[PDB]
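A.B. asks: Here it is, the structure in full.
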Amino acid sequence: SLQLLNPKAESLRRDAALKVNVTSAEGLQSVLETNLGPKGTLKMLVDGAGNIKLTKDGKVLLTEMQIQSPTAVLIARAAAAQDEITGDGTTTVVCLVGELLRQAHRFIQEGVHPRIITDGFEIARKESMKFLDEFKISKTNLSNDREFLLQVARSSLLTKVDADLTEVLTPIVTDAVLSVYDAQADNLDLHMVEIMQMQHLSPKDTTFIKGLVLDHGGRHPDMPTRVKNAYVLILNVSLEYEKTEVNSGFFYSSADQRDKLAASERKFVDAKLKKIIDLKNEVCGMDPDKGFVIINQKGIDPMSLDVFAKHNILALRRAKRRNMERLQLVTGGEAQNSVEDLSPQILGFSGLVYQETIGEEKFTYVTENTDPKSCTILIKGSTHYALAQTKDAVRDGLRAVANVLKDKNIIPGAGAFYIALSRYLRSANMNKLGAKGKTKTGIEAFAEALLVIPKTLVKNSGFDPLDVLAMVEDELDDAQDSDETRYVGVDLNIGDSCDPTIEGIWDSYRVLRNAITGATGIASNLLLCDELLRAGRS
Amino acid sequence: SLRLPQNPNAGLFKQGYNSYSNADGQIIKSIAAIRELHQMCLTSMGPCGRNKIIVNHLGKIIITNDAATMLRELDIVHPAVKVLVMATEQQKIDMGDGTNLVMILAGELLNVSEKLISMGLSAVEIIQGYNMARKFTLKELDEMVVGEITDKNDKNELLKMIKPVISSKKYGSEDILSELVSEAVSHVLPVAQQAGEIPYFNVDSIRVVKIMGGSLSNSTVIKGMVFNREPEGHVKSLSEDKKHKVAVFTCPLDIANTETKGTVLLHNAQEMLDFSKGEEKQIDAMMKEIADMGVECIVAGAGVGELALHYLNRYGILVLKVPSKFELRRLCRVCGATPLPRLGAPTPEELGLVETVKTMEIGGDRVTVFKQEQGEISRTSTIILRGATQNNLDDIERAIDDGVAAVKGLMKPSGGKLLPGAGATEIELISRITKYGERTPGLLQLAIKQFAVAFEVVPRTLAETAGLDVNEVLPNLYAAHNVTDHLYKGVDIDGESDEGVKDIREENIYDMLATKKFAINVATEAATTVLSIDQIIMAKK
Amino acid sequence: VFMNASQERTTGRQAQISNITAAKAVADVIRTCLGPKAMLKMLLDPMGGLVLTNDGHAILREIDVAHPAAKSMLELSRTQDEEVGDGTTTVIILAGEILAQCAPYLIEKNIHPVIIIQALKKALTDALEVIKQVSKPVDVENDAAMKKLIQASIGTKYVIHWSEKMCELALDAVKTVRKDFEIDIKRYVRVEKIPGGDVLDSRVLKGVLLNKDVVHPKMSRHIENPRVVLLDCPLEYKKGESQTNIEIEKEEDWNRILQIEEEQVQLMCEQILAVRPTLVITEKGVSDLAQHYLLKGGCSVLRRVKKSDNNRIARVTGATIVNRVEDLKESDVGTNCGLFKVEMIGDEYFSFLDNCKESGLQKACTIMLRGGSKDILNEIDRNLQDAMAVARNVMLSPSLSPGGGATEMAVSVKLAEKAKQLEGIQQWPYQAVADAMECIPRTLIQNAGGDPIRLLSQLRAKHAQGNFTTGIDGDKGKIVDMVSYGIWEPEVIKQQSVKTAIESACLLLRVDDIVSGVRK
Amino acid sequence: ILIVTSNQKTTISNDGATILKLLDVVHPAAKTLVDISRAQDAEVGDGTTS
Ligand SMILES: Nc1ncnc2c1ncn2[C@@H]1O[C@H](COP(=O)(O)OP(=O)(O)O)[C@@H](O)[C@H]1O
Ligand SMILES: Nc1ncnc2c1ncn2[C@@H]1O[C@H](COP(=O)(O)OP(=O)(O)O)[C@@H](O)[C@H]1O
Ligand SMILES: Nc1ncnc2c1ncn2[C@@H]1O[C@H](COP(=O)(O)OP(=O)(O)O)[C@@H](O)[C@H]1O
Ligand SMILES: Nc1ncnc2c1ncn2[C@@H]1O[C@H](COP(=O)(O)OP(=O)(O)O)[C@@H](O)[C@H]1O
Ligand SMILES: [Mg+2]
Ligand SMILES: [Mg+2]
Ligand SMILES: [Mg+2]
């Protein structure tokens, strides 16, 4: 019928559209499920320009590789919204949507309508929230213990790199959120940490710095790199020549006025710089071991570097926009644009400032702050792809530890929630059915589709999933024979059950929320889709 | 049964994407394919190594036995090779030599691990094996040190340092090039009774000025620098003043002009008559002050006007452009002055001293020589290379850059101690790691043994380039280590090498501790990445 | 320009590197096609058929590789199939490893490709010695052990479930073809197929099975004691050799010419009725008239029967190939025929010839196959060739070598122990022979899903102390001795595997350069 | 030796300095003779053919 409207159109309806949706989901599942867990494989995104990059997150794999199929675009957009708000759990979303469409399509072939199947997923979804809010546990984060944050960070960073690099990098994640905390307002910013890309000794030789680190060096050699006590000063207006906005030109009457009109531009430079020199000696004159550094966002005149070089003034330029907020948090200063009003109160303080010449560039290091409300992480590496790999590891690990402070509740990992949720969604007696023999088909499909996560971890480790889960369902049952909350997990070293809690594996509360909510919505709408169409004007 | 169903995941990722996962055979495809380029760096290894001519797409030909330099220009489509490419570049921008050792050791760990993967050992265990073997290698290298140096000032002490590095690249020239580099370092370092607290050193201190023609023996050392530039205005006196104050200007010497654009405005003809003399008297007020203090040389980075050049010719002041900004500051380090952008006039404190400046032709082209005697210098030197071809002089420059980079590798850390070279410490590490594997029972013992076998290429590669049998001198060398004297056993390269034993101290071949540690770490990290990947995803073009 | 060459001469070390990589690639295709848990392979030929199998020989027949070094590896399967008929995948998978292990040395320790050859002949000479010592004899007349010997190869195929019937099917067929030294040949083994039916009712029956029916309806469809007589000639008047041209002058000649056409066929039919046969099997076609009086005596006429099917009838019925009908006697007439009967099947008619069963010429037989489809028939037919091939080696050679990789592992241990006492330049290639012989158990462990690291380590620890018959159970993946496991293979297959694999390496190792595109 | 380049301008010479400069050499090994000839022409100015 569609060909009569547009001969150049196409349409798959009610059997070919369903196979496309399920095969595209299973095809996306079979490729991308291998990255799940610590034993997952590394992918090399080699584009046409030859750029090499190692990663295991499903967000960046699907972002660089354009998706041709229309179904997998909807799943990639779900991983984008998952990675956007949360930053973790993209591999669980594509596996749940692939398994839900697989388990649902098993029943659609048996002659069941898609409507009551999706109705069972929503009742099963709401039943999981009534199971999740009872399954979570509350802890007191006021103590600020380091042992809990390390093992929680180790659980997230083991799924990115091997063990020896995780042990070196897992203190860097815990050191990121030391001072950034507010009990009353409950405000916690993630963007204040600064990720610098540079080539140095090795990835395993990185370290945490308390204060700020800028990528700009001193232009003149005469200024001192070592400064024992520095008072920062924030500038935003550009010190160079700014053409008068209103078009203008110097028409000199004689040759004697040429150098005088050249000195007219020198007066406006000396006018705004004289207050800077007066600001230096206002604190104390002839004070050794006390420097004065200036951080400007816009450019600096090279003619003016001689003025800063004579008085031993460190000047940096072309700074970032978000760094202006980070200066006052680290150094404790105050941001200023003009130079009309100046005082020693607005100035910050720093205990140590130094520079290091690495290659054809120089990096400025500002450390030894009194009460800094921010910090930075140097991403050192032996190549170009390790920087992006460690950058994705930190950007995915910062969200896992930051959610512990946003909400004190935390779920045990190692597939404990998926295994425990399977039994609870078996038999809904008279709680929430809605109809006889209709909703229960979807309850069974949703319960069986959640257990693919612990099986996928076992497939990557190289053991049998049914054998290691037999003792596990069993362990949980024996636990039940005692009326006790013994949470069981999946250990990939020996192929046996373990306690998620005791051993050291956790998951964030918001990961499982948006993953189950996003997967159930996409799995529902794709089952409701009965026909694919295309139309347009080339 | 004619056309296949065409892999019904073809609705997924486009045809340009290629997957080469494992189980299918990715490891077997990779470790092998890279054996071609492994033989490239293997043949170019040692003092008798063969340089390789690489013609890039632009046509700039380069001929080198330096492996790194090679892989920068090679457009390599294989992604697994590129992990080894920029991993070697990290050694270049940092340590500066060994570019070839890190590539050979990184490739051999993949070649020798064929037995582990083929037998069926887990890939995750192999990464844990080499990591623990890497830690034992770093701890064990400190005990085999016998070259603890603390002077690092005199020229004869550098014969154990620079000459092994220069002996690798173009082995025939040892004493001549070592004299140029060692004499350059002595001019760079200051004269003092005790210079400590980590004195500063950089690779930009020693520069290389390439001159066409002349034998390599006729080269000499210059404390200043030499530019291919035409002087203007006059001939120098060369002994009369005995010393010359040199002002370096960033801005030019011209009637000063404004940033925003202006023009000449004249309301009447009275200003027209005085405008011709006003420009002359304006510069004369600023130029006469410069000549009062006796500044016999001016350097202006931008273009100098003819009006400013005319006033300087009669007083006999030397002029020079120096358009590039990087080489402008190096001249300031020689005289010991600071940049003075504005024309102005100057001061005794900011102006430096230069003994003499003389102009001649070294290879037919007129050049300006800033050589000075009895003057004070600080971090500046040059080596005038004379050679028959530009292609050969390019390799001498990188050999000197690797030589002075080793000086940066010594003086920047607290200790750059030596080690026995010529296939001496590598065979010792095979005995150490062989004994270490038996101490820890477990399934990872196979990885520890195969990690030691990868170090075998270092002695035999010197024997293969020497035209010797590997199955004779290599097992005979193990009998020499049975038992100080056993530590200084190495590989001989001579017609009398049938015995296969030559003492190291007769010729003083040594290697750096920090260079081999950084090479072993980057080599292990390079092999760690290639063995950790399983899937490789390509794209169109 | 110069002669048709020098396109891109692969010379030096890189030429041999491509051959080792190409030879290794042939074994990787059928790496999973070994052991009891081996996977099947469906290959698509360009004509339109399909070959479903796991035998390495049948797989490599259909494949086509445009490389000269890999084609020499392709021909080794024809060496094994047309010598014994079993272990073709074993030949291809072992050689790959031998070329691969010798490679490290060729590439790096620079041992010239001739010194490796001298090392392998001494390894080949020692391999036959230990294979002769490890093998134990077995009685040939023991039917209980013969059934377990025949089903050793069937266990690696689809019909292991019907192994109780296939061993009885193959044992009866081999003894029929066996001549009372003990030489047998599979050219009389009829591979006739019947699509459909159940495997249980499928059975061997003594005699032949035709695809045709009788010509005239009045022919007897059930004869108690048939008497078969083979004919080669046309039974009809034929044109004749020379330029003939009868010229007819009188009117009474043309009817005479057409009348002698009736009398000549009467003369050849009447002399056939001197012995009064019941069944006359003619090679070429038959006329409608001669058949009519063959009927006036009690014979039975059939359509043209190809030669092949008559040479089997000559050995079954005991008749001789006869063309001249005037020299037909009573001694050359076939006799002792059991039964004659024609069944109705929708495909075609089928005439059965049974034997009385009661030295002389060797008897032939036809094995009935009742599969599920056409590909199941061709799959089962190749299993009989692989199963009946095992029965020939025990008769030609009473020796019996242990299976399950125990024989090749025994070669690995003795060559490894003796390599230390073989001090010299030949030690490195001689020790590398054991590295490949321990892979043919490694492939079984990989297909079984176990870890070959600890199993092979446990294997070598128990092989020197426990016994020489230790091996890996392919189903369970544990160390189980072959004596209790009760599965054995002949020693002749082990000889051809070691000989053909090493002799293939000696040819390919001498390759220096490759030059393609010279001429036809 | 008479050489005529692609731009069609005649250039006759006896010494090997400018003969090799006219013929644009592609091969790197053949450029070695051209480099020493220009180097000998630049340094001394005699014996460029020998
Ligand atoms: N060490 C571990 N042991 C067992 N399970 C783990 C471990 N680390 C992570 N997991 C499981 O992997 C799942 C996803 O974690 P992760 O890989 O960090 O996110 P993503 O799959 O988005 O990269 C979690 O639900 C968790 O149960
Ligand atoms: N005359 C000689 N006798 C013995 N060995 C030598 C001689 N000259 C050079 N060598 C050896 O050749 C090797 C070349 O090493 P090379 O690859 O240049 O070092 P790197 O990898 O650090 O740059 C050195 O390790 C040195 O020991
Ligand atoms: N049940 C079994 N358990 C372990 N190994 C077996 C078993 N059956 C056969 N093998 C091994 O497989 C090899 C090939 O046997 P088979 O499959 O019969 O020949 P082909 O390779 O020609 O198919 C033999 O060398 C034998 O060691
Ligand atoms: N008058 C002469 N008699 C003998 N030999 C000569 C004479 N002139 C030149 N020669 C020799 O012949 C060679 C001439 O070199 P030639 O090719 O003519 O000049 P160039 O080498 O500059 O191109 C020189 O090696 C020189 O030794
Ligand atoms: Mg994660
Ligand atoms: Mg077989
Ligand atoms: Mg001449």
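If you're wondering about the labels, chains in the structure tokens are A, B, ... by order shown, residues count from 1 in each chain, ligands from 1 in order shown.
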Could you please extract the residues within 8 Å of ligand 2, counting only C-alpha atoms and all ligand atoms, and hand them back as number ranges by chain?

C.D. replies: B: 45-47, 96-102, 164-165, 167-169, 171, 420-423, 462, 490-493, 504, 507, 509-512, 515-516

A.B. asks: Please report, as a ChimeraX atom specification, each residue of range 186-299 of chain B to which DSSP assigns strand (DSSP E or B) when run on this structure's backbone.

C.D. replies: /B:206-213,220-222,226-227,244,246-249,263-264,297-299

A.B. asks: Let's have the selection written as a CSV table (one decimal), in the first residue's frame, with C-alpha atoms.

C.D. replies:
```csv
chain,number,residue,atom,x,y,z
B,206,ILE,CA,74.4,22.2,22.2
B,207,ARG,CA,73.3,23.1,18.6
B,208,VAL,CA,74.4,21.6,15.3
B,209,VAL,CA,75.3,23.8,12.3
B,210,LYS,CA,75.5,21.6,9.1
B,211,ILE,CA,78.1,22.8,6.5
B,212,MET,CA,78.4,21.2,3.1
B,213,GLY,CA,81.7,19.7,2.2
B,220,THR,CA,86.2,22.0,15.1
B,221,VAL,CA,84.3,23.3,18.1
B,222,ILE,CA,82.8,26.8,18.3
B,226,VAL,CA,77.3,30.1,13.0
B,227,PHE,CA,74.5,31.4,10.8
B,244,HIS,CA,82.3,44.2,21.9
B,246,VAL,CA,76.1,43.5,21.8
B,247,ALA,CA,72.5,44.8,22.3
B,248,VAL,CA,69.6,42.5,21.2
B,249,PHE,CA,66.5,44.2,20.2
B,263,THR,CA,49.3,58.3,8.0
B,264,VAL,CA,50.9,61.7,7.5
B,297,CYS,CA,76.8,45.3,17.5
B,298,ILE,CA,73.0,45.5,17.3
B,299,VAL,CA,70.6,42.6,16.6
```

A.B. asks: Using only C-alpha atoms, which protein or nucleic acid residues come within 12 Å of residue 297 in chain C? Drop anything in the same chain fewer than 6 positions from it, and give the result as a PyMOL selection string.

C.D. replies: chain C and resi 219+269-280+290-291

A.B. asks: When you get a sec, could you note down which chain B residues fall within 7 Å of chain A, using only C-alpha atoms, as a PyMOL selection string?

C.D. replies: chain B and resi 9+11-14+79+86-87+90+93+256-258+260-266+271+275+278-279+282+532-541

A.B. asks: Could you report the residues within 6 Å of ligand 6, using only C-alpha atoms and all ligand atoms, as a VMD selection string?

C.D. replies: chain C and resid 86 to 87 153

A.B. asks: Go ahead and write the selection's residues with N, CA, C and O atoms as a compact mmCIF listing (two decimals), in the first residue's frame.

C.D. replies:
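Saved result, result.txt, follows:
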```
# COMPACT_ATOMS: atom_id res chain seq x y z
N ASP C 86 41.83 -43.76 7.04
CA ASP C 86 41.50 -43.25 8.36
C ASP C 86 42.66 -42.41 8.87
O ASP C 86 43.83 -42.72 8.60
N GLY C 87 42.34 -41.35 9.61
CA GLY C 87 43.34 -40.47 10.16
C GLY C 87 43.81 -39.37 9.22
O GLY C 87 44.97 -38.96 9.32
N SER C 153 36.98 -45.57 15.42
CA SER C 153 36.84 -44.45 14.50
C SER C 153 35.40 -43.96 14.39
O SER C 153 35.18 -42.77 14.13
```

A.B. asks: Using only C-alpha atoms and all ligand atoms, what are the residues with an atom within 7 Å of ligand 1, set out as a ChimeraX atom specification?

C.D. replies: /A:35-38,56-57,88-92,155-159,413-415,490-492,505,507

A.B. asks: Please identify all residues of chain C having at least one atom at most 12 Å from any atom of chain A, considering only C-alpha atoms, and return them as an NGL selection string.

C.D. replies: :C and (449-451)

A.B. asks: Could you write out the selected residues, including C-alpha atoms, as a tab-separated table (two decimals), in the first residue's frame?

C.D. replies:
```tsv
chain	number	residue	atom	x	y	z
C	449	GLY	CA	37.00	-27.60	27.24
C	450	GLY	CA	39.64	-28.50	29.84
C	451	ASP	CA	42.88	-26.72	30.68
```

A.B. asks: Give as JSON, numbers by chain every residue of chain B that touches chain C within 7 Å, counting only C-alpha atoms.

C.D. replies: {"B": [1, 2, 120, 121, 470, 471]}

A.B. asks: Can you spit out the residues from that selection as a short mmCIF file (atom, residue, chain, number, x, y, z; two decimals), in the first residue's frame, using N, CA, C and O atoms?

C.D. replies:
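The new file part_31.cif reads:
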```cif
data_model
loop_
_atom_site.label_atom_id
_atom_site.label_comp_id
_atom_site.auth_asym_id
_atom_site.auth_seq_id
_atom_site.Cartn_x
_atom_site.Cartn_y
_atom_site.Cartn_z
N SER B 1 22.25 -22.94 -2.70
CA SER B 1 23.56 -23.11 -2.08
C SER B 1 24.64 -22.39 -2.88
O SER B 1 25.74 -22.92 -3.06
N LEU B 2 24.31 -21.18 -3.34
CA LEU B 2 25.20 -20.33 -4.14
C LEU B 2 25.61 -19.07 -3.40
O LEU B 2 26.81 -18.82 -3.22
N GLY B 120 48.20 -22.89 25.65
CA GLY B 120 46.87 -22.68 26.20
C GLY B 120 46.86 -21.97 27.54
O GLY B 120 45.92 -22.14 28.32
N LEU B 121 47.89 -21.18 27.81
CA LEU B 121 47.97 -20.43 29.06
C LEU B 121 47.14 -19.16 28.95
O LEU B 121 47.05 -18.54 27.89
N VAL B 470 75.57 -18.10 15.51
CA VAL B 470 74.91 -17.86 16.79
C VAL B 470 75.03 -19.08 17.70
O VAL B 470 75.13 -18.94 18.92
N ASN B 471 75.03 -20.28 17.12
CA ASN B 471 75.05 -21.51 17.90
C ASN B 471 76.44 -21.87 18.46
O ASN B 471 76.55 -22.92 19.10
#
```

A.B. asks: Of the candidates D:37, D:2, D:10, D:15, which shows the shortest atom-to-atom distance to ligand 4, using only C-alpha atoms and all ligand atoms?

C.D. replies: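 Between D:37, D:2, D:10, D:15, the residue approaching ligand 4 most closely is D:15.
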
A.B. asks: Can I get the residues close to ligand 7 as a ChimeraX atom specification, where close means within 10 Å and we count only C-alpha atoms and all ligand atoms?

C.D. replies: /D:14-16,45-50

A.B. asks: Would you work out the distance separating CA of residue 268 in chain A from CA of residue 346 in chain A, expressed in Å to one decimal?

C.D. replies: 24.1 Å

A.B. asks: So which one's closest to chain D, B:360, B:466, B:53, B:146? Using only C-alpha atoms, please.

C.D. replies: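 Of B:360, B:466, B:53, B:146, the one nearest chain D is B:53, counting only C-alpha atoms.
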
A.B. asks: Which chains and residue numbers are within 7 Å of ligand 3, counting only C-alpha atoms and all ligand atoms, if I want them as a PyMOL selection string?

C.D. replies: chain C and resi 34-36+55-56+86-90+152-156+403-405+444+472-475

A.B. asks: Go ahead and write the residues just picked, N, CA and C atoms, as a short mmCIF file (atom, residue, chain, number, x, y, z; two decimals), in the first residue's frame.

C.D. replies:
```cif
data_model
loop_
_atom_site.label_atom_id
_atom_site.label_comp_id
_atom_site.auth_asym_id
_atom_site.auth_seq_id
_atom_site.Cartn_x
_atom_site.Cartn_y
_atom_site.Cartn_z
N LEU C 34 38.68 -32.51 15.20
CA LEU C 34 39.43 -33.63 15.76
C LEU C 34 38.86 -33.96 17.13
N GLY C 35 38.90 -35.25 17.49
CA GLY C 35 38.43 -35.71 18.77
C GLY C 35 36.98 -36.17 18.72
N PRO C 36 36.48 -36.71 19.83
CA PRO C 36 35.08 -37.19 19.84
C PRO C 36 34.05 -36.08 19.82
N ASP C 55 35.49 -34.94 8.25
CA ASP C 55 36.75 -35.53 7.82
C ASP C 55 37.60 -34.47 7.13
N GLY C 56 38.88 -34.40 7.51
CA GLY C 56 39.77 -33.41 6.93
C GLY C 56 40.01 -33.61 5.44
N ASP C 86 41.83 -43.76 7.04
CA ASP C 86 41.50 -43.25 8.36
C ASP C 86 42.66 -42.41 8.87
N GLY C 87 42.34 -41.35 9.61
CA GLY C 87 43.34 -40.47 10.16
C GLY C 87 43.81 -39.37 9.22
N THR C 88 42.95 -38.89 8.33
CA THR C 88 43.37 -37.86 7.39
C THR C 88 43.53 -36.51 8.08
N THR C 89 42.62 -36.18 9.00
CA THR C 89 42.76 -34.96 9.78
C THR C 89 43.97 -35.03 10.71
N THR C 90 44.33 -36.23 11.16
CA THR C 90 45.53 -36.39 11.99
C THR C 90 46.79 -36.05 11.21
N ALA C 152 36.21 -47.68 17.11
CA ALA C 152 37.08 -46.63 17.62
C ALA C 152 36.99 -45.38 16.74
N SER C 153 36.98 -45.57 15.42
CA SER C 153 36.84 -44.45 14.50
C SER C 153 35.40 -43.96 14.39
N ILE C 154 34.42 -44.84 14.59
CA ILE C 154 33.02 -44.43 14.53
C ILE C 154 32.69 -43.49 15.69
N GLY C 155 33.38 -43.62 16.83
CA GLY C 155 33.15 -42.77 17.98
C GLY C 155 33.38 -41.29 17.73
N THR C 156 34.21 -40.94 16.75
CA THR C 156 34.46 -39.55 16.37
C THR C 156 33.51 -39.04 15.29
N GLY C 403 45.44 -45.72 21.40
CA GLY C 403 44.81 -44.52 20.88
C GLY C 403 44.73 -43.41 21.91
N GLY C 404 43.97 -42.37 21.61
CA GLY C 404 43.83 -41.26 22.53
C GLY C 404 45.07 -40.42 22.70
N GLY C 405 45.93 -40.36 21.68
CA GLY C 405 47.16 -39.62 21.75
C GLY C 405 48.27 -40.28 22.54
N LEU C 444 42.75 -32.35 21.73
CA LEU C 444 41.63 -33.05 22.35
C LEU C 444 41.17 -32.34 23.62
N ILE C 472 44.03 -39.29 27.44
CA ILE C 472 43.02 -38.32 27.84
C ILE C 472 41.67 -38.82 27.36
N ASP C 473 40.70 -38.86 28.27
CA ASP C 473 39.32 -39.15 27.90
C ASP C 473 38.70 -37.92 27.25
N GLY C 474 38.33 -38.04 25.97
CA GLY C 474 37.83 -36.90 25.24
C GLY C 474 36.48 -36.41 25.71
N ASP C 475 35.64 -37.31 26.21
CA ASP C 475 34.31 -36.91 26.67
C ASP C 475 34.37 -36.21 28.02
#
```

A.B. asks: Would you list the contacts of residue 22 in chain D as a list in words, taking every protein, DNA or RNA residue within 10 Å and counting only C-alpha atoms, but skipping same-chain residues closer than 6 positions in sequence?

C.D. replies: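 The residues satisfying every condition are residues 3, 4, 5, 6 and 11 of chain D.
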
A.B. asks: So that I have them on file, write out the residues from the current selection with C-alpha atoms, as an mmCIF file, in the first residue's frame.

C.D. replies:
```cif
data_model
loop_
_atom_site.group_PDB
_atom_site.id
_atom_site.type_symbol
_atom_site.label_atom_id
_atom_site.label_comp_id
_atom_site.auth_asym_id
_atom_site.auth_seq_id
_atom_site.Cartn_x
_atom_site.Cartn_y
_atom_site.Cartn_z
ATOM 1 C CA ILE D 3 71.341 17.753 -21.804
ATOM 2 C CA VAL D 4 67.845 19.086 -22.558
ATOM 3 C CA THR D 5 65.395 19.192 -19.652
ATOM 4 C CA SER D 6 61.586 19.228 -19.845
ATOM 5 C CA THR D 11 72.572 23.399 -21.549
#
```

A.B. asks: Measure the distance from CA of residue 434 in chain C to CA of residue 415 in chain C in Å and round it to one decimal.

C.D. replies: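 Computing it gives 6.0 Å between the two atoms.
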
A.B. asks: With 12 Å as the cut-off and only C-alpha atoms counted, what is the closest atom pair between each nearby residue of chain D and chain B? Distances in Å to one decimal, ordered by chain and number, as a tab-separated table.

C.D. replies:
```
residue	atom	partner	partner_atom	distance
D:25	CA	B:59	CA	11.8
D:26	CA	B:59	CA	9.5
D:27	CA	B:61	CA	10.3
D:28	CA	B:61	CA	7.8
D:29	CA	B:53	CA	9.7
D:31	CA	B:389	CA	9.5
D:32	CA	B:389	CA	7.2
D:33	CA	B:389	CA	9.3
D:34	CA	B:389	CA	9.1
D:35	CA	B:389	CA	5.5
D:36	CA	B:388	CA	5.6
D:37	CA	B:388	CA	9.1
D:38	CA	B:213	CA	8.7
D:39	CA	B:213	CA	5.0
D:40	CA	B:213	CA	6.9
D:41	CA	B:213	CA	9.2
D:42	CA	B:364	CA	5.6
D:43	CA	B:363	CA	5.5
D:44	CA	B:364	CA	8.7
D:45	CA	B:364	CA	10.0
```

A.B. asks: If you count only C-alpha atoms, which residues fall within 7 Å of range 476-482 of chain C, apart from same-chain ones fewer than 4 positions away, as number ranges by chain?

C.D. replies: C: 402, 445, 448, 450, 469-472, 486-487

A.B. asks: Within 7 Å of range 313-330 of chain A, counting only C-alpha atoms, which residues show up once you throw out same-chain ones fewer than 2 positions away? Write them as a VMD selection string, please.

C.D. replies: chain A and resid 192 211 to 212 216 to 218 223 292 to 300 308 to 309 311 332 to 335 369 372 to 375

A.B. asks: Leaving out residue 488 in chain A and any residue of its chain fewer than 5 positions from it, which residues lie within 7 Å of it when counting only C-alpha atoms, given as an NGL selection string?

C.D. replies: :A and (416 or 476 or 497-500)
